[PDB]
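A quick write-up on the structure given underneath.
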Amino acid sequence: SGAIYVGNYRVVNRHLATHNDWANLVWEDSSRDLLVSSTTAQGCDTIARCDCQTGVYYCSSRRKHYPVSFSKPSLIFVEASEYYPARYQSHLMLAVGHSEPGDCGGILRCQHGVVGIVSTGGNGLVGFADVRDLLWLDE
Ligand SMILES: COc1cccc(Cl)c1CC(=O)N1C[C@H](C(N)=O)[C@H]2CCC[C@H]21
Ligand SMILES: [Zn+2]
């Protein structure tokens, strides 16, 4: 689990979104596993606007943060789940690191701010949904 709170928005994995998230829907994209809902309180997370390929993510299944090198956002094949059939998930970045399904929502940050959230993993890899291209999160 986990979310990004920026301005009047809450960013979460689309497969983990609540009934309240869907009742206050701003934007969702099944191909990215993202959903953004509106909030009453003012969020203070800073979104990174950069092309960093190094950062640190939070891994709940180890209660630890890990430094990682990660790939550029791209279309990557993802196994079927209770939420999606087998498909290419877009805007995804892979890194070598530990992850388990419940790790989804963990934040990946670089020196500029929030880069994305854990969305996929398996076999010593972890995949992050990018949020740096969503320029409107700041306006
Ligand atoms: C961090 O996730 C894992 C880590 C290790 C192993 C495994 Cl199988 C996972 C889960 C995982 O890959 N996915 C990818 C899905 C997707 N984004 O399409 C998500 C929906 C429900 C399962 C989630
Ligand atoms: Zn950066």
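Chain A uses Swiss-Prot numbers throughout; the residues present, in order, are 869-1007.
The way this entry was determined, per its header, is X-ray crystallography, 1.4 Å.
Here the Cβ of each residue, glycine as well, is placed from N, Cα and C on the backbone.
Lifted from Swiss-Prot, the feature list:
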type	residues	note
ACT_SITE	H883	active site, for protease 2A activity
ACT_SITE	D901	active site, for protease 2A activity
BINDING	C918, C920, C978, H980	Zn(2+) 1 binding site
ACT_SITE	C972	active site, for protease 2A activity
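Recorded features from Swiss-Prot, shown on the structure.
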residue : record                                : DSSP (3 states)
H883    : active site, for protease 2A activity : helix
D901    : active site, for protease 2A activity : coil
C918    : Zn(2+) 1 binding site                 : coil
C972    : active site, for protease 2A activity : coil
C978    : Zn(2+) 1 binding site                 : strand
Here the recorded positions are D901, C920, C972, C978, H980, and the Cα closest to that of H883 (active site, for protease 2A activity) is found at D901
Around ligand 2, within a Cβ distance of under 6 Å, which of the recorded positions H883, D901, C918, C978 show up?
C918, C978
What recorded positions among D901, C918, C920, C978, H980 have a C-beta sitting less than 6 Å from any atom of ligand 1?
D901
Among the recorded positions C918, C920, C972, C978, point out the residue whose Cβ has the most other Cβ atoms within 10 Å, with all shown protein chains included in the count.
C972
Take the C-alpha atoms of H980 (Zn(2+) 1 binding site) and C972 (active site, for protease 2A activity) and report the distance between them in angstrom, rounded.
22
Cα-Cα, whole number of Å: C920 (Zn(2+) 1 binding site) versus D901 (active site, for protease 2A activity)?
21
Starting from the Zn(2+) 1 site formed by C918, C920, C978, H980, give every other residue of that chain whose CB sits within 8 Å of the mean position of their CB atoms, in sequence order.
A916, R917, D919, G923, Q979, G981, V983, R1000
Please give me the CB contact count at 10 A for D901 (active site, for protease 2A activity), counting all chains in the structure.
26
Can you figure out which of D901, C918, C978 (the recorded positions) comes closest in space to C972 (active site, for protease 2A activity), comparing Cα atoms?
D901
